[PDB]
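Throughout, read-outs are computed from the coordinates displayed, never taken from laboratory work. Here the Cβ positions follow ideal geometry from the backbone for every residue, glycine too, while neighbour counts run over all protein chains shown.
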């Protein structure tokens, strides 16, 4: 009763924003077209620590150069035990990664 409800159908990418296209019901029960521009989306990057290193080390190294490279005041980052089971040979089955969210 207090939220904008839409039936999304298609999308587009523009100026690092995602816009969703859909339909909205009106007061007369009729549906008209509408669009939703989505800001604040972020990329999930997982940094794989070197043998003997820890995600806190990666936090201490690259996050400052990331703030430099993209000119961001703060960058949210956190570790996690992600599982890998794909064709890249050097990556182990499970490891503690540094999850870094860099906005688009």
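If we keep just the residues of region 1-40 that are outside any strand (DSSP E or B) and in contact (Cβ under 8 Å) with a residue 40 or more places away in the chain, which is farthest from the chain's Cα centre (by Cα)?
The selected residue is 16.
I'm checking my understanding of the structure. Among residues of region 79-91 that are in a loop (DSSP other than H, G, I, E, B) and surrounded by 10 or more Cβ atoms within 10 Å (Cβ to Cβ), which one is farthest from the chain's Cα centre (by Cα)?
Among those that are in a loop (DSSP other than H, G, I, E, B) and surrounded by 10 or more Cβ atoms within 10 Å (Cβ to Cβ), it is 91.
So which residues in region 92-104 are under 18 Å from residue 62 (Cα atoms) and outside any strand (DSSP E or B), if there are any at all?
104
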